[PDB]
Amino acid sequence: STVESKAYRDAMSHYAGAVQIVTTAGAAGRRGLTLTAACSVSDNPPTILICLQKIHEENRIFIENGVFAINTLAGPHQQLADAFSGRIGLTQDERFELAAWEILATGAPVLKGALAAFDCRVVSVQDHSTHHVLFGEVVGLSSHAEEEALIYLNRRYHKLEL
């Protein structure tokens, strides 16, 4: 037998993570959300994975379009993160209005003034209890030189110098 759900979450509050915004576009429509469960798989050919909650049915739009982009956040941007987690109201079109964006290879929206960004095509989809897991290969890039990074730890937000 496995350990209890509540006790697992209390221990994970001592494990730190860098804050992302992930996006999509195509015949099923345009969507974004705030996220921490992602990691690097290989550098030859370059490959990345992400994990999405099954209890929100609008997350099936990512699987139907077959493309996604991942954007890494800098020091001054706590207001953008609160909006894309659903804490303060608003329609999707009203959430995107808060900043400036550009296009690279696939159609998915890329953020101006990000620390880094990766534009991807889907190669595999798997089912794991409470979440779906998606694998993608990298077809476009950008990066800029800013002075601090945004981090989540012990149930609150922080800033850290490069």
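Start at 1 and count along the sequence shown; that's the residue number.
As the entry records it, the average C-alpha temperature factor is higher for 111-119, out of 32-40 and 111-119. According to the PDB record, 99-107 carries the higher mean C-alpha B-factor of the two stretches 99-107 and 129-137. Sort the chain's modelled residues by C-alpha temperature factor and residue 13 lands in the middle third, per the entry.
Sorting the modelled residues of the chain by their CA temperature factor places residue 151 in the middle third. Ranked by Cα temperature factor within the chain, residue 71 sits in the lowest third according to the deposited record.
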